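In the block that follows, a single chain appears as C-alpha coordinates, in the form deposited without adenosine-5'-diphosphate (ADP).
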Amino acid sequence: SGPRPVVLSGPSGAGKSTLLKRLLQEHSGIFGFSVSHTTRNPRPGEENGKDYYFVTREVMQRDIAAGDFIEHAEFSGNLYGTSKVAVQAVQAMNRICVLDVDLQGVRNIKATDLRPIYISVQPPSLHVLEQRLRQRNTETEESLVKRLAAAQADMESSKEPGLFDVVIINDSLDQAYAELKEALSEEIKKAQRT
(Lines give C-alpha, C1' and ligand atoms only; values in the text may rest on other atoms or scores of the structure.)
Protein backbone atom coordinates (compact mmCIF):
# COMPACT_ATOMS: atom_id res chain seq x y z
CA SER A 1 0.00 0.00 0.00
CA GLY A 2 0.92 3.66 0.47
CA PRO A 3 -0.21 6.93 -1.12
CA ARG A 4 1.23 7.46 -4.59
CA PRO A 5 3.78 10.27 -5.05
CA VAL A 6 2.87 13.45 -6.94
CA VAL A 7 4.95 14.98 -9.76
CA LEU A 8 3.87 18.60 -10.18
CA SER A 9 5.36 20.31 -13.22
CA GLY A 10 4.76 23.14 -15.68
CA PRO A 11 6.18 26.58 -16.42
CA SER A 12 7.81 28.46 -13.55
CA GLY A 13 5.39 31.34 -13.35
CA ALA A 14 2.19 29.45 -14.20
CA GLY A 15 1.44 28.82 -10.52
CA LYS A 16 2.60 25.27 -9.80
CA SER A 17 4.69 26.45 -6.83
CA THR A 18 2.00 28.76 -5.46
CA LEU A 19 -0.58 25.97 -5.66
CA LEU A 20 1.84 23.58 -3.96
CA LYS A 21 2.47 26.12 -1.20
CA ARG A 22 -1.28 26.47 -0.60
CA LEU A 23 -1.60 22.68 -0.86
CA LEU A 24 1.03 22.14 1.83
CA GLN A 25 -0.40 24.80 4.15
CA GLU A 26 -4.03 23.61 3.97
CA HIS A 27 -3.25 19.94 4.69
CA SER A 28 -1.91 18.54 7.96
CA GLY A 29 0.27 15.45 7.79
CA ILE A 30 -0.86 14.39 4.32
CA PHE A 31 1.92 15.77 2.13
CA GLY A 32 5.66 15.69 2.66
CA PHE A 33 9.04 16.25 1.11
CA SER A 34 11.83 13.71 0.67
CA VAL A 35 15.00 13.95 2.74
CA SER A 36 17.80 14.65 0.29
CA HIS A 37 21.30 13.24 0.29
CA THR A 38 24.30 15.53 0.53
CA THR A 39 28.08 15.27 0.71
CA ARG A 40 28.21 18.41 2.86
CA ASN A 41 29.69 18.17 6.32
CA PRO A 42 26.82 17.80 8.83
CA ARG A 43 26.31 21.24 10.32
CA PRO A 44 25.82 21.39 14.12
CA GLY A 45 22.27 20.71 15.23
CA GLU A 46 21.44 18.55 12.19
CA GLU A 47 20.41 14.91 12.60
CA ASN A 48 20.94 12.21 9.99
CA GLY A 49 17.72 11.09 8.32
CA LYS A 50 15.73 14.23 9.23
CA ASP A 51 17.52 17.16 7.56
CA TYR A 52 19.70 15.33 5.04
CA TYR A 53 21.18 11.89 4.44
CA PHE A 54 24.79 12.86 5.11
CA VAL A 55 27.00 10.58 3.00
CA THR A 56 30.58 10.64 1.72
CA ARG A 57 31.36 11.92 -1.75
CA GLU A 58 32.58 8.44 -2.73
CA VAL A 59 29.23 6.98 -1.67
CA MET A 60 27.40 9.76 -3.55
CA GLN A 61 29.23 9.15 -6.84
CA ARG A 62 28.65 5.40 -6.57
CA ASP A 63 24.92 5.78 -5.96
CA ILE A 64 24.65 8.30 -8.80
CA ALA A 65 26.32 5.90 -11.22
CA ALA A 66 24.04 3.14 -9.89
CA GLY A 67 20.95 5.15 -10.85
CA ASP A 68 19.67 5.48 -7.28
CA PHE A 69 18.87 9.21 -7.66
CA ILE A 70 15.84 10.80 -9.30
CA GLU A 71 17.69 14.12 -9.64
CA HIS A 72 21.10 15.26 -8.48
CA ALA A 73 22.94 18.56 -8.71
CA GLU A 74 26.02 20.39 -7.46
CA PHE A 75 25.71 23.38 -5.11
CA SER A 76 28.35 25.37 -3.14
CA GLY A 77 30.97 22.74 -3.90
CA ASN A 78 28.97 19.81 -2.52
CA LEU A 79 26.58 17.38 -4.12
CA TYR A 80 22.88 16.92 -3.41
CA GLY A 81 20.39 14.38 -4.66
CA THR A 82 16.90 12.98 -4.23
CA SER A 83 16.98 9.20 -3.97
CA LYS A 84 14.11 6.87 -4.82
CA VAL A 85 14.41 5.36 -1.33
CA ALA A 86 13.90 8.86 0.10
CA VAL A 87 10.65 9.17 -1.87
CA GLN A 88 9.62 5.62 -0.98
CA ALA A 89 10.32 6.41 2.68
CA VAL A 90 7.63 9.11 2.59
CA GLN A 91 5.24 6.65 0.97
CA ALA A 92 6.09 4.18 3.74
CA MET A 93 4.92 6.73 6.35
CA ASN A 94 1.42 7.02 4.80
CA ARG A 95 2.23 10.43 3.31
CA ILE A 96 2.12 11.88 -0.20
CA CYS A 97 5.61 12.82 -1.35
CA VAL A 98 5.57 15.84 -3.65
CA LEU A 99 8.24 16.28 -6.32
CA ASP A 100 8.55 19.66 -7.99
CA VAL A 101 10.81 19.05 -10.99
CA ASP A 102 11.39 20.49 -14.44
CA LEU A 103 10.27 18.91 -17.70
CA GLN A 104 13.43 16.82 -18.06
CA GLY A 105 13.03 15.57 -14.48
CA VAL A 106 9.60 14.19 -15.35
CA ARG A 107 11.35 12.00 -17.92
CA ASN A 108 13.79 10.80 -15.23
CA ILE A 109 10.94 9.64 -12.99
CA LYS A 110 9.08 8.09 -15.96
CA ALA A 111 11.94 5.64 -16.54
CA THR A 112 12.03 4.58 -12.87
CA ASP A 113 9.90 2.03 -11.02
CA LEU A 114 7.96 4.67 -9.08
CA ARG A 115 4.29 5.22 -9.97
CA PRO A 116 3.43 8.85 -9.17
CA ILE A 117 0.62 11.06 -10.51
CA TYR A 118 2.05 13.48 -13.08
CA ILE A 119 0.34 16.88 -13.07
CA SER A 120 1.18 19.91 -15.21
CA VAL A 121 -0.02 23.39 -14.17
CA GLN A 122 -0.17 25.34 -17.50
CA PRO A 123 -1.10 28.99 -18.04
CA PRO A 124 -4.17 29.90 -20.13
CA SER A 125 -1.78 31.04 -22.85
CA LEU A 126 1.71 32.36 -23.41
CA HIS A 127 0.27 35.88 -23.50
CA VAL A 128 -1.50 35.50 -20.15
CA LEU A 129 1.69 34.09 -18.64
CA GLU A 130 3.67 37.07 -19.97
CA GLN A 131 1.17 39.46 -18.37
CA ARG A 132 1.46 37.72 -14.99
CA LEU A 133 5.27 37.76 -15.15
CA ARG A 134 5.29 41.51 -15.83
CA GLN A 135 2.85 42.24 -13.00
CA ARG A 136 5.12 40.71 -10.35
CA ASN A 137 7.84 43.23 -11.33
CA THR A 138 10.78 40.82 -10.99
CA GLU A 139 11.92 40.25 -14.57
CA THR A 140 13.98 42.15 -17.09
CA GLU A 141 13.46 42.10 -20.84
CA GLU A 142 16.42 39.70 -21.16
CA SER A 143 15.19 37.26 -18.51
CA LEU A 144 11.64 37.53 -19.85
CA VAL A 145 12.62 36.09 -23.24
CA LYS A 146 14.51 33.25 -21.55
CA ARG A 147 11.56 32.31 -19.36
CA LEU A 148 8.96 32.68 -22.09
CA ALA A 149 10.95 30.48 -24.46
CA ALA A 150 11.49 27.88 -21.73
CA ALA A 151 7.81 28.12 -20.79
CA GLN A 152 6.77 27.52 -24.41
CA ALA A 153 8.94 24.41 -24.46
CA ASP A 154 7.13 23.14 -21.35
CA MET A 155 3.71 23.85 -22.89
CA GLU A 156 4.60 21.96 -26.07
CA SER A 157 5.92 18.94 -24.17
CA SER A 158 2.76 18.85 -22.03
CA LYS A 159 0.79 17.84 -25.16
CA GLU A 160 2.65 14.51 -25.42
CA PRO A 161 0.12 11.71 -24.79
CA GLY A 162 0.54 9.69 -21.61
CA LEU A 163 3.06 12.13 -20.17
CA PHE A 164 0.88 13.97 -17.63
CA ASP A 165 -2.12 12.34 -15.95
CA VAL A 166 -3.88 15.67 -15.28
CA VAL A 167 -3.23 19.06 -16.90
CA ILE A 168 -4.60 22.08 -15.02
CA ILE A 169 -5.07 25.40 -16.80
CA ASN A 170 -4.45 28.25 -14.33
CA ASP A 171 -7.39 30.49 -15.16
CA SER A 172 -7.61 31.41 -11.48
CA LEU A 173 -5.86 30.11 -8.37
CA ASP A 174 -9.20 29.29 -6.75
CA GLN A 175 -10.29 26.86 -9.47
CA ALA A 176 -6.75 25.66 -10.21
CA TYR A 177 -6.31 24.59 -6.59
CA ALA A 178 -9.80 23.07 -6.72
CA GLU A 179 -8.84 20.91 -9.70
CA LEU A 180 -5.54 19.92 -8.07
CA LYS A 181 -7.37 18.69 -4.96
CA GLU A 182 -9.89 16.76 -7.08
CA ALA A 183 -7.04 15.07 -8.97
CA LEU A 184 -5.39 13.99 -5.71
CA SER A 185 -8.64 13.19 -3.90
CA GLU A 186 -7.98 9.44 -4.02
CA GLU A 187 -4.44 9.65 -2.64
CA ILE A 188 -5.48 12.20 0.00
CA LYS A 189 -8.23 9.86 1.21
CA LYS A 190 -5.64 7.09 1.54
CA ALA A 191 -3.36 9.29 3.66
CA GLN A 192 -6.29 10.41 5.84
CA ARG A 193 -7.04 6.80 6.86
CA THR A 194 -4.29 5.35 9.08
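In this text, residue numbers run from 1 along the sequence as written. Basically, rigid core = biggest C-alpha set you can superpose within 1.5 Å across the two forms.
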| property | result |
| --- | --- |
| Comparing 127-135 with 56-64, the one whose average Cα B-factor in the PDB entry is higher | 127-135 |
| Mean temperature factor over C-alpha atoms, higher-scoring stretch between 32-40 and 154-162 | 154-162 |
| Of the residues 78, 94, 122, 88, the one carrying the largest Cα B-factor as recorded | 94 |
| Ranked against its chain, the third holding the CA B-factor of residue 172 | middle |
| Within-chain third of residue 21 by Cα B-factor, per the entry | middle |
| Third of the chain's Cα B-factor distribution that residue 102 belongs to, per the entry | highest |
| Where the record places residue 110 (Cα B-factor, split into thirds across the chain) | highest |
| Record-listed C-alpha B factor of residue 14: chain third | lowest |
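Note that the form deposited with adenosine-5'-diphosphate (ADP) bound isn't included here; everything after this is about it.
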{"query": "Pose source in the deposited bound form; superposed partner adenosine-5'-diphosphate (ADP); site open or blocked by backbone or C-beta within 2.4 Å", "finding": "blocked"}
{"query": "4.5 Å heavy atom contact, residue 136 to adenosine-5'-diphosphate (ADP) in the deposited bound form", "finding": "yes"}
{"query": "Any non-hydrogen atom of residue 184 within 4.5 angstroms of adenosine-5'-diphosphate (ADP) in the deposited bound form", "finding": "no"}
{"query": "Residues of 6-32 having any heavy atom within 4.5 Å of adenosine-5'-diphosphate (ADP) in the deposited bound form, listed in sequence order", "finding": "11, 12, 13, 14, 15, 16, 17, 18"}
{"query": "Did residue 165 shift 2 Å or more between this form and the one not shown, C-alpha, core superposed", "finding": "no"}
